[PDB]
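To start, the structure under review is shown below, and the notes come after it.
What follows is the structure, encoded as structure tokens:
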């Protein structure tokens, strides 16, 4: 089998992407944030604290004939941005872009932090990291991809995120019309449960390529590109007036600047992030100070190849026995 679903930016900055997901019988369609940096499928639901729901579409398991309570199971997660959620668990039928899994753990939120409540466009998260990170207790549950794996024509999914535009998540096949040149594959470490890999270096604008190993995770659920402070400093040094602002929470730059591209290495291959991708707009409405899309990972504890980077590529998440990541230009 295969699946194919369009993923759509939630706003004009590409702060996140939502993908429609059918849950239950009859289908209840929720717009979820596909997150290769976590491993819980959780949803706003009929069980969510009423004051914590503002505009989201909810999953109501009692209206689903295929929903079953996973008795005794609870979950609780916190993300890298400090947001969190928790609740209990149903199993139900879940379909993404024509691809159907029966008995998927659907984690029903009883509580969500303000950040989720305040975002009306996101109805939940669909984790696509490794199931070892799943937070369901006492019985850890498998991700949608893990459950679908052995039915898939090939045990892969691909992320093709758009710049200020929709893109595509594919399951079970590689669309050879969706990228240019070749896909370069690179080794993955699963020791921390992430799609963790080592970039071979970087360049700033038209500058020379610096060969250096940068360990990091391919994370569709993170907006920006978080890299070591040395790299990030070398980038913003090429933007007149740019500086790191403690008060704002990272690098800002004059909105009148033109941003240079940023290149990252995948083995001997190169992925170029256009400078436009690195502009996240005024720090506040009407401000002439703009927020940068490349930021320091210092104090996160891990480098993160978020959407800023991933959207410049066609990315293969190869879940074979020995997993790998592939990157192609597009």
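Numbering (the deposited numbering), first residue to last: 1 to 330. The beta-carbon is built from N, C-alpha and C at its ideal position, and this holds for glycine as well.
Measuring C-alpha to C-alpha distances from residue 318 to each of 202, 11, 173, 5 identifies 173 as the nearest.
A straight-line Cα-Cα distance of about 21 Å links residue 19 and residue 217.
Minimum Cα-Cα distance from residue 47 among the listed residues 106, 210, 315 corresponds to 106. Its chain contains 195, 196, 197, 323, 324, 325 as the residues whose beta carbon lies nearer than 7 Å to that of residue 188, once the 5 sequence neighbours on both sides are disregarded; these appear in chain order. If you look at residue 147, you'll find it in the alpha helix (DSSP H) that goes 144 to 148. The C-beta of residue 241 has fewer than 16 other C-beta atoms within 10 Å across all chains shown, which makes the residue exposed. In the structure shown, the three-state DSSP call for residue 275 is helix.
Cα atoms of residue 100 and residue 3: separation of roughly 8 Å, rounded to the nearest angstrom. A Cβ-Cβ contact shorter than 8 Å links residue 303 with residue 227.
Counting the other Cβ atoms within 10 Å of the Cβ of residue 155 gives 16 or more, which makes it buried. With distances taken between CA atoms, residue 67 lies nearest to 27 out of 27, 284, 311. Three or more Cβ pairs closer than 8 Å define a contact, and the segment 35 to 42 meets that threshold against the segment 121 to 134. In chain order, 46 place their CB closer than 6 Å to the CB of residue 60, counting only its own chain and leaving out the 5 sequence neighbours on each side.
Residue 267 is positioned such that its CB atom lies no closer than 8 Å to that of residue 158. In the DSSP annotation of this structure, the continuous segment of the alpha helix (DSSP H) that includes residue 309 starts and ends at 307 to 310. Annotation note: the segment 184 to 270 contains the following uninterrupted beta strand (DSSP E) runs of length 3 or greater, listed N- to C-terminal: 184 to 187, 196 to 204, 210 to 218, 225 to 227, 243 to 245, 250 to 254, 262 to 266. By DSSP's assignment, residue 35 forms a beta bridge with 127.
207 is the residue among 207, 163, 74, 297 whose C-alpha sits nearest the C-alpha of residue 260.
Secondary structure note for residue 107: its beta strand (DSSP E) is the uninterrupted segment 99 to 112. DSSP, read as helix, strand or coil, puts residue 61 in helix. Assignment of residue 44 by DSSP, reduced to helix, strand and coil, places it in the coil class.
The straight-line gap separating the alpha-carbon atoms of residue 73 and residue 258 is approximately 51 Å.
If you ignore the 5 residues before and after residue 142, its C-beta comes within less than 6 Å of the C-beta of 131, all in its own chain and listed in chain order. Annotated as distal: residue 64 and residue 103, with beta-carbon spacing of 8 Å or more. In this structure, the beta-carbon distance from residue 110 to residue 88 falls below 8 Å.
Comparing C-alpha distances from residue 192 to each of 160, 175, 176, 129 shows the shortest one belongs to 129.
Taken through DSSP and simplified to helix, strand or coil, residue 117 comes out as helix.
Residues 10, 33, 122, 223 of the same chain have their beta carbon placed closer than 7 Å to that of residue 16, with the five preceding and five following residues left out of the count. For the pair residue 96 and residue 237, the CB atoms are not nearer than the 8 Å cut-off.
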